[PDB]
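This report concerns only the one structure given below.
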Amino acid sequence: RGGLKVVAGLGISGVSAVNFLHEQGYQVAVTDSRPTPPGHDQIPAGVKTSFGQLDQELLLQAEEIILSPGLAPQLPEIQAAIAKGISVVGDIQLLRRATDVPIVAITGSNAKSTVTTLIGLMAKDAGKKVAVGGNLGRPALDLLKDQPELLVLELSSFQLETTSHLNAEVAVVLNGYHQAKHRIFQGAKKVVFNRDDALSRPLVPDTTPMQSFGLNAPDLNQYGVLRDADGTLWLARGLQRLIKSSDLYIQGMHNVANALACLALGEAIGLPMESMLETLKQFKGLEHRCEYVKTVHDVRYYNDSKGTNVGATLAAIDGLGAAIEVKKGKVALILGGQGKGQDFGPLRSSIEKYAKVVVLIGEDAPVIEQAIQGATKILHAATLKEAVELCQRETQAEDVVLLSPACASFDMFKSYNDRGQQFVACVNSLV
């Protein structure tokens, strides 16, 4: 009975929509241009399928189409349905109709994965039953099974294109692609925006509370940074210094901005400041992404195995080096692997400024050495284990050890994930 729901595009997302609508008792059909789409064996037996073609006649029979974010609304089959007046929505719309649970909604670039994870942790630590998903993580509809008290949704612009009246409790854009992302603010109860990104500030009614974060001294009731005369950096709310940047494990100005964004999201949903700061103190970062591993004899060890190129490693050295400079710390840096023909010259100035030793590993250690020599002490290691042990020998309190190799891993490892896992095992075996 009732109108036909047609899911356009299967995959992980489409599977969740087919099963959700079927479970709810809707008449559902699914179509996908691939003859054997991923998920074809994961949907109920009675559901009509039209695979091997995007079935335009079927789509034009629909009362509503659930479009995968992997399929553009501009596809001609979908355009025919839109011209006929058929509702075209996505899985996020289905989720919003199904629950009034408060949503923290996040969109933007790749900075958003750190914020999504951290605000989820802050909420959990504050005692909330939280479910985190969307975009590339858990399918949004699957989060309902948890009966959560709070949803944290990381949303792509593609998901937002088919979402209306999201009515999030709080929403933020972290950087017509701009217009798609700003659909995240439709009906938002509260807004957070980035003072350092003019495009993040939405046009919302004057009645909507707004709070900002940014990497400068904040106005009353906004999030920012404050420096002491000696250079010590504090995360701040208005005139109030909250926590020293050196008391966080995550480091660098991008991570300070991520933390400030999370404090603002948490304040919007009522998380106590005391709980949020304790979460901040403990958060180690995302795996392999200048990830804090452990402190051994007053030296912190950082796994940036994801830094597979010069530009990424330059940012990591600069960020961590500037972050420990006030305390007079220096970086012990592990570099090397497959250099991919890169110019390593751009690392020299930052190594000279912030590093006390570089330990070279891997196939292109010779070409890296030519690019950086004179800038600091250079050692060589035949294994990652030896490199970590040499870094431990060369460091003292307030120094850091950084694996940020500027190189691919495949001469000695299966992937940067393997290399980072092995670095973490090496660090954990230190005595």
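Filter the range 377-416 for residues that are among the aliphatic types (A, V, I, L, M), in a loop (DSSP other than H, G, I, E, B) and closer than 13 Å to residue 308 by Cα and give the result.
Answer for the range 377-416, where residues must be among the aliphatic types (A, V, I, L, M), in a loop (DSSP other than H, G, I, E, B) and closer than 13 Å to residue 308 by Cα: just 406.
The rows are residues; the columns are (1) of a type outside the set (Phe, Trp, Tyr); (2) touching a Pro at 6+ places or on another chain (Cβ under 9 Å).
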| site | (1), (2) |
| --- | --- |
| 283 | no, no |
| 325 | yes, no |
| 329 | yes, no |
| 355 | yes, no |
| 360 | yes, yes |
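Of these, 112, 129, which one is within 22 Å of the chain's Cα centre (by Cα) and surrounded by fewer than 17 Cβ atoms within 10 Å (Cβ to Cβ)?
After applying the criteria, what remains is 129.
Against the list (1) outside any helix (DSSP H, G or I); (2) within 24 Å of the chain's Cα centre (by Cα), the condition residue 420 fails is (1). Of the residues examined, residue 315 is not one that is part of a strand (DSSP E or B) and small (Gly, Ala, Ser). Looking for something within 26 Å of residue 111 (Cβ to Cβ), in a helix (DSSP H, G or I) and in contact with a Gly (Cβ under 9 Å, 6 or more places away or on another chain) - is there at least one such residue anywhere in the range 328-349? Yes, the conditions are met somewhere in the range 328-349.
Selection within the range 151-210: residues that are assigned to a strand (DSSP E or B) and among the β-branched types (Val, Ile, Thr). The member of this set that is farthest from residue 88 (Cα to Cα) is 192. Residues in the range 72-107 that are touching a helix residue (DSSP H, G or I) at 6+ places or on another chain (Cβ under 7 Å), buried (at least 22 other Cβ atoms within 10 Å of the Cβ) and outside any helix (DSSP H, G or I): 90, 104, 105, 106, 107.
Scanning the range 353-364 for residues that are under 25 Å from residue 414 (Cβ atoms) and either buried (at least 21 other Cβ atoms within 10 Å of the Cβ) or within 29 Å of the chain's Cα centre (by Cα) (or both) returns 358, 359, 360, 361, 362, 364. When the range 229-243 is filtered for residues that are under 24 Å from residue 299 (Cα atoms), surrounded by fewer than 15 Cβ atoms within 10 Å (Cβ to Cβ) and not β-branched (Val, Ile, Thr), the ones remaining, listed by number, are 230, 231. Yes or no: residue 229 within 25 Å of residue 397 (Cβ to Cβ), out of contact with any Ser or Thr (no Cβ under 9 Å at 6 or more places or on another chain) and hydrophobic (A, V, I, L, M, F, W, C)? Yes; evaluated as a whole, the condition is true for this residue.
Say we look at the range 317-361 and pick out the residues that are among the basic types (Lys, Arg) and in contact with a helix residue (DSSP H, G or I) (Cβ under 9 Å, 6 or more places away or on another chain); which of these is farthest from residue 397 (Cα to Cα)? Within the range 317-361, the match that is farthest from residue 397 (Cα to Cα) is 348.
Could you tell me whether the range 41-50 includes any residue that is within 30 Å of residue 178 (Cβ to Cβ), out of contact with any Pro (no Cβ under 8 Å at 6 or more places or on another chain) and either of a type in the set (A, V, I, L, M) or not assigned by CATH to the domain that holds residue 264 (or both)? So far as the range 41-50 goes, no, none of its residues is within 30 Å of residue 178 (Cβ to Cβ), out of contact with any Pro (no Cβ under 8 Å at 6 or more places or on another chain) and either of a type in the set (A, V, I, L, M) or not assigned by CATH to the domain that holds residue 264 (or both).
Cβ-Cβ distances below 6 Å connect the following pairs, each with a first residue in the range 410-425 that is under 16 Å from residue 292 (Cα atoms), a second residue that is of a type outside the set (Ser, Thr, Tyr) and assigned to a helix (DSSP H, G or I), and a separation of six or more residues or different chains: 422/384.
Of the residues that sit in the range 200-228 and are among the hydrophobic types (A, V, I, L, M, F, W, C) and surrounded by fewer than 13 Cβ atoms within 10 Å (Cβ to Cβ), which one is nearest to residue 178 (Cα to Cα)? Once the filter is applied, the top-ranked residue is 203. The set of residues in the range 268-288 that are in a helix (DSSP H, G or I) and buried (at least 20 other Cβ atoms within 10 Å of the Cβ) comprises 268, 276, 279, 280. Condition check: in a loop (DSSP other than H, G, I, E, B) and either within 23 Å of residue 318 (Cα to Cα) or in the same structural domain as residue 246 (by CATH) (or both). Does residue 374 satisfy that? The answer is yes for residue 374. One residue stands out among those in the range 289-326 that are of a type in the set (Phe, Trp, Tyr) and within 21 Å of the chain's Cα centre (by Cα): the one that is surrounded by the fewest Cβ atoms within 10 Å (Cβ to Cβ), which is 292.
The values are calculated or read from the model by the stated rules, or taken from the named source; no laboratory read-out is quoted. Note that we place each Cβ from the backbone using ideal geometry, even for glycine, and neighbour counts take in every protein chain shown.
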